[PDB]
Amino acid sequence: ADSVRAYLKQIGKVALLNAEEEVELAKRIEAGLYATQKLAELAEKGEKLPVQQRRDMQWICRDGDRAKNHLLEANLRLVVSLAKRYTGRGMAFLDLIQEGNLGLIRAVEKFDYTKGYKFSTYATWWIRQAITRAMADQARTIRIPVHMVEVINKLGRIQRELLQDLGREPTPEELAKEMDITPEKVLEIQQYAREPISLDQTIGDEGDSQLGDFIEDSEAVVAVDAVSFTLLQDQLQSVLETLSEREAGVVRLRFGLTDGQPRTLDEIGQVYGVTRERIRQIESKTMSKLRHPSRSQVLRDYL
Amino acid sequence: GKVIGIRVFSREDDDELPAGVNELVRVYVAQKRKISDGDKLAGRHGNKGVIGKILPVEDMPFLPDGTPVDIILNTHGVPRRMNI
Amino acid sequence: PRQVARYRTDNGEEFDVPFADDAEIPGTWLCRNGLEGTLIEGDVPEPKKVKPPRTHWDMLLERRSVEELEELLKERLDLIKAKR
Amino acid sequence: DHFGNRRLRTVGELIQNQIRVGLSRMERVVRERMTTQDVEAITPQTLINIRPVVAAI
DNA sequence: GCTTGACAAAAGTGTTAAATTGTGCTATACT
């Protein structure tokens, strides 16, 4: 019927461990890693080992991995008991659990049986950190680096504390002072904290229309402009006719009317085979010719 | 219409605007709406209807005083419907 | 102006990626397949980051000295021998 | 059911009920906070996070 | 109608110093 129900029915099958069992599995795991590394190093160093012993070490690995899997499957309950507290914060319960299990896996990889501390003591750190670190990396549709998620929560903490002391929402100055940062920074920070809204929401009454329907596509073509723009190209064509054959081409290349990419004086002078200063001189005269009332009066309307 | 008032909320002037907002101004425009053909009139008895036309006061059914009538209402209330 | 470069994916699929004639041609290209592809002609100079991802062995070596591990392995082996 | 069985919440009353949700869930936060927090090292200000209260109204 | 050398601004390019960003970690016990 329900999935989260199923996961619990299976982890509940595994038998919890006592302090003594944890160390034994811990030992078997470390023996499994060293045994596996020893076999790999001996081939690198051109060394051999007793046949029977070498085959014994290989089995140490099979027993080591069973220890690793067994250790995890026992403390899965601990992951859930920690994952309950972070529900409703923008992350599905299961996702919290799985991320907790990821943290749990690392704890097993770094746990130390020689310290004599109960396993749950050191695993809670990693499992806890694994979940929190996950939320900062996944809870927001627009991701924010953990350090920024870190400061945002710190600011909200100061805000909530300052809110409780003063009896009024602390201003950017009060909030910046207590946090030892510029008021403009807290403002820039307060902009980052905002989360997006759903276009598929229904702002119209009784589902008359979703919110997305009211969004303009400002990039869409404007029919009247595409026609005026087309008439402007045609009108410039005539204006180009009044200029010199070479003089018209210089204006085209200088602004890129023909190929759509402008050209510097040198490049323009390179196609006409003259100095880059000569092109500068020619262009200036074209503009003067273009500013003449006869040639220029027609194009003012196009602003 | 005409512009009545303007409310300017700046940032230099401390004020208090949502994060990022520098200046906030609102303009209030008023309009004097003459009763125009198409508007919806109605009495207190549920009778309602639009303004189909507005005749000059000259060509309007007027009493012997020369006192023109203001509005001409057809007999909406069919029998049984009443609207007494 | 268009340069036509072909990359080869690990699974065996090939892709054509048009580039500009003037610009440099990369040696590896993120392809439609979703995998990295090496170009066929032009030499690769592929400077692999060569960052070895941290493994469980690295986390164990930094707490157990090889001697402590050797002693543990003897305990385990002396234990398996006894079981026989 | 019957017509007379209608109660009719007044403005002040249905406002109070919304406060109940704010206070009750505020106590649900203080219960969790006091266990993890060190004893005598916490005060009403540290245990009380009125966010669900103000956000409720 | 064109070019020269000056000069400048503007555009790049290589070399460095912040800053930004991602990952690892925290050992009473806690299932």
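Every read-out reported here was derived from the displayed coordinates using simple, explicitly stated rules and does not represent laboratory data. Methodologically, a virtual Cβ is constructed for each residue, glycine included, from the backbone with ideal geometry; neighbour enumeration extends over all protein chains shown.
Some notes on this structure:
- Zone residues, segment C:8-26, relative to C:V44, backbone N less than 13 Å from point 7 Å out along Cα-to-Cβ: C:8-11
- Considering every alpha-carbon pair of chain A, the percent of pairs per 10 Å bin, from zero through the bin containing the longest distance, is 5, 14, 13, 13, 12, 13, 11, 10, 7, 2, 0.
- Size of electric dipole in chain B: Cβ of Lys, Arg +1 and of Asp, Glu -1, about Cα centre, debye, nearest 20: 660
- Full extension of the chain between A:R128 and A:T182 yields a length gain of 16.2 nm, computed as 0.36 nm times the residue separation minus the alpha carbon distance.
- Crossing angle, helix D:11-36 versus chain D [Cα axis fit, 0-90 degrees, rounded to tens]: 20
- Per-residue [θ]222 nm for chain A (sum of -39500 (n - 2.57) over DSSP H runs n ≥ 4, rounded to 500): -22000 deg cm²/dmol
- Proximity of backbone amide H atoms, modeled 1.01 Å from N, is registered between C:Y7 and C:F15, C:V17 at under 5 Å, excluding neighbours fewer than 5 places apart on the same chain.
- Dipole magnitude (debye, nearest 20) for chain A, charges at Cβ of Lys, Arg, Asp, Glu: 1340
- Remark: spin-label model distance A:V4-A:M287 equals 7.0 nm, labels positioned 7 Å along the Cα→Cβ axis.
- Selection from A:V222, A:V251, A:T121 lying farthest towards where the dipole of chain A points positive, charges on Cβ: A:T121
- If you wrap the tightest convex hull around every Cα atom of segment A:61-217 and split its volume per residue, you get 225 Å³.
- Inter-label distance, C:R84 to A:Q237: 9.8 nm, where each label sits 7 Å from its Cα along the C-beta direction.
- Qualifying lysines (Cα of each under 27 Å from Cα of B:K2; at least 8 residues distant if same chain): B:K32, B:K34, B:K40
- Taking only the alpha carbons of segment A:123-214, we obtain Rg and Dmax values of 17.7, 52 Å in that order.
- Cα-based equivalent ellipsoid, the protein assembly as shown: semi-axes from gyration tensor eigenvalues, Å: 69, 51, 26
- In degrees, nearest ten, helix C:66-83 long axis to first principal axis of chain C (Cα): 60
- Compactness of chain C as Cα Rg over 2.2 N^0.38 Å, two decimals: 2.09
- If the convex hull is drawn through the Cα atoms of segment A:141-274, its volume per residue in Å³: 266
- The charge dipole of the protein assembly as shown, taken about the Cα centre with unit charges on the Cβ atoms of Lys, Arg (+1) and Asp, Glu (-1), comes to about 1660 debye, rounded to the nearest 20.
- Counting only residues at least eight positions apart within a chain, or on another chain, the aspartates and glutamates with an alpha carbon under 13 Å from that of A:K154 are A:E178, A:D180.
- Eligible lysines near A:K118 by straight Cα distance, threshold 19 Å, same-chain separation 8 or greater: A:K27, A:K68, A:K110
- Note on chain C: helix-only mean residue ellipticity at 222 nm, from DSSP H runs of 4+ residues weighted -39500 (n - 2.57) and normalised by residue number, equals -9000 deg cm²/dmol.
- Degrees separating the helix A:183-193 axis from the principal Cα axis of chain A, which is the longest one: 70
- For segment A:230-299, the spread of Cα positions along each principal axis, largest first, Å: 33, 23, 16
- Averaged over peptide B:14-25, the number of partner chain Cβ atoms lying within 10 Å of each residue's Cβ comes to 2.
- In the distance distribution for chain D, Cα-Cα pairs more than 19 Å apart total 48 percent.
- For the segment C:54-65, counting C-beta atoms of other chains within 10 Å of every residue's C-beta and taking the mean gives 4.
- Largest-first ellipsoid semi-axes for chain B, taking √(5λ) over the Cα gyration tensor eigenvalues, angstrom: 51, 20, 9
- In nm, spacing of pseudo-spin labels at B:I4 and A:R54 (7 Å Cα→C-beta vector): 9.8
- 10 Å Cβ neighbours from other chains, averaged over peptide A:28-34: 6
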